[PDB]
Amino acid sequence: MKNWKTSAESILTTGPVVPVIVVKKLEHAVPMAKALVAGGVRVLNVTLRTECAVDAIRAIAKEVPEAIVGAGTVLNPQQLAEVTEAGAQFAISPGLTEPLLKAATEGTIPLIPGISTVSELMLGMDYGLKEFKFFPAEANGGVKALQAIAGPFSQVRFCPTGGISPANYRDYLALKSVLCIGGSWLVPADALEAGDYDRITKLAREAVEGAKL
Amino acid sequence: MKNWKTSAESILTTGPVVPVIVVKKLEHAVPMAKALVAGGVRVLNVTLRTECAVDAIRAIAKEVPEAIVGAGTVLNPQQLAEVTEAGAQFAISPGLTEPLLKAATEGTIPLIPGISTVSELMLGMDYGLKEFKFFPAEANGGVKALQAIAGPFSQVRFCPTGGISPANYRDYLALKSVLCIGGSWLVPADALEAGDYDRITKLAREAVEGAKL
Amino acid sequence: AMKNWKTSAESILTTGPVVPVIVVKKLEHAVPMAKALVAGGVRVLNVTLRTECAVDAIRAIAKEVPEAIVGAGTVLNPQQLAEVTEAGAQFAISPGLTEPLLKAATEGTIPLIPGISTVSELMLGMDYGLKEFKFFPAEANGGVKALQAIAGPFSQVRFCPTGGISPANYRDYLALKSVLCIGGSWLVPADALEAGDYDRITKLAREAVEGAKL
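The deposited coordinates for this entry were obtained by X-ray crystallography, with a reported resolution of 1.55 Å.

For chain C, the name recorded in the PDB entry is KHG/KDPG ALDOLASE, with Escherichia coli as its organism. In its Subunit section, UniProt records this for chain C: "Homotrimer." The UniProt entry for chain C carries this comment under Subcellular location: "Cytoplasm".

In the nomenclature of the PDB entry, chain A is known as KHG/KDPG ALDOLASE of Escherichia coli. Under the Subunit heading, UniProt states for chain A: "Homotrimer."

This is how it looks when you write it as structure tokens:
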């Protein structure tokens, strides 16, 4: 897209895993981001699921410029505009709607929107998108669905998210249609509480190393 | 919009179970509704799956003031207007479309529409809705799928329906995202056919009591 | 029925129990493959828009094998629908649906049997007057159980499930009241097609038709 200098494909090809981040306490955002980056995971999906999320995006953008920071759980144009102004470099949505797709394609940052079904994929493709989130992946029919959902759509590429962990992420990464996966396991809620940044860095390092096929 | 004197949330919080009613003979409708009310179940989803359904809603609306009667399997604005005219206090649909969402939100009674995917949830939220049916619940991936679908959406609430029975309804009621559940087991076709209203009352009371804890 | 369609979508699905999902890589294979399928008793040919020669294959089959009911699959938008209609497709199948595709289809001249996975998608198709749908991808959608539940509140709709259907499971679907036929790729194996092994294609079609009987 001539409106998106940073392509959706570039976001998804940066690394094999995109952490789904829920940050309950702002003060933890920056050291969490540094811990991820130290472990080799740079694309951070900061979800709009807590009050401090947008402030977390602004903080990480300023203090951790090697992190590629984006907003998740973006549901509508208002939230998309808010995170764009706050410095999000991309947006992820759990599903798609026409107002959100229209706003995204009119704006400056890539949206990688979730789909569950081929009709939803077709709607996103009608807006010119070719990279999608597959969410919730396990609930959608999993790897077998992508071998099938992605079938008639040889050119479309995905980031599956939802019920993915070290036990199964390789099953997804093995697919030609999959560029990367997402999951919350890299930033456990209690690790942030405990200031266990070492644990976060280790999970990141393990996830990247464990991804080599 | 302000348009609904009865909120969707009030329909879903009246009690833990909403019977999915399929009534083939009109003469059965009023005694069936009375039998449910006697068992403590008083939100009655009369599905538009039989010729007599709208007449059944009309009769129950007039004769059983201790029940709140509504219509289910409402597919389109034509049906919505019919059940509104007949005295339905709410409408349930198995999925959603924009013409149905527009007509409902512009109209006088709450619509609780089914969804299966997050995109469908988001389209409903674009029309201001926050209470949905999760249908067909077991075919949508059950409790786990519902937990994943509901996760990015802390505020949304559900009524799962489809494949729910005493064997599994507590699993759904245990979830923070669930207000009540729907099921056809409270009004079995053979009970209606045999005029066993006593058994309907017992099924209703068993359901209500079994929902506690 | 749809005022602009000379052929009903229902008639497409009631032609036979099995609709082959065809991926044709080289044009010269298209006509003999079509004749081989017809000779095995299978004549509704879903030529998917997954290869460069697909549209020319539809045109060739429409010309040389007019006794086949040839159509186009993997139709994703109004442009592709118009293109296949001009080529001689007698119907169109899509893996999913969108409002622009539904609108173009109902204004156009050939039946569209579009894929759905959820009841909201079914309801959108129904808003356009459609009653015949594909259920895709069937097995990953949750198979016969899913289809049973989804089809429940919808007694008049009929389906063609496609996606993971095989001789192992197709009778499971064909036994359902809501199912008229199924789609499958096993009748036209890629290697048979490239090898020009047409007797094998005929045998597989004949076996599929006989095995469909309940």
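A. The arrangement of the interface of chain B and chain C in detail. In this assembly, 18 residues from chain B lie in contact with 15 residues from chain C. Of the roughly 1100 Å² buried between chain B and chain C on both sides combined, carbon and sulfur atoms contribute 68%. The tally of links between chain B and chain C comes to 0 salt bridges. Viewed at the interface, chain C and chain B are joined by 3 residue pairs in polar contact. Counting residues per element, the side of chain B that touches chain C draws most heavily on helix α5 (residues 98–106) of chain B, which supplies 3 residues. Residue composition of the side of chain B that touches chain C, by class: 9 nonpolar, 6 polar and 3 charged.

B. Layout of the side chain of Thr98(C). With respect to the element layout, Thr98(C) can be found in the loop between β4 (92–94) and α5 (99–107). For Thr98(C), a relative accessible area of 4% corresponds to the buried category. At 3.1 Å, the side chain of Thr98(C) and the backbone nitrogen of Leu101(C) are in polar contact. Setting aside anything within four residues of it in sequence, one finds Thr98(C) in contact with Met122(A), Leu123(A) and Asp126(A).

Definitions and cut-offs
Residues numbered from 1 in each chain as written, not as in the entry; some residues may be left out. Chains lettered and ligands numbered in written order. Heavy atoms only, no water. UniProt positions renumbered as here; feature names shortened; annotations may be inferred. Contact = heavy atoms within 4.5 Å. Buried area = accessible area lost by both parts, 1.4 Å probe. Salt bridge = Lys/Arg side-chain N within 4 Å of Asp/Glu carboxyl O. Polar contact = N/O pair within 3.5 Å; in protein donor to acceptor, adjacent residues only side chain to side chain. Helix = DSSP H or I, 4+ residues; strand = E, 2+ residues; numbered from the N terminus. Nonpolar A, V, L, I, M, F, W, Y, C, P; charged D, E, K, R; others polar. Buried < 20%, exposed > 50% of the residue type's maximum accessible area, 1.4 Å probe, protein only.

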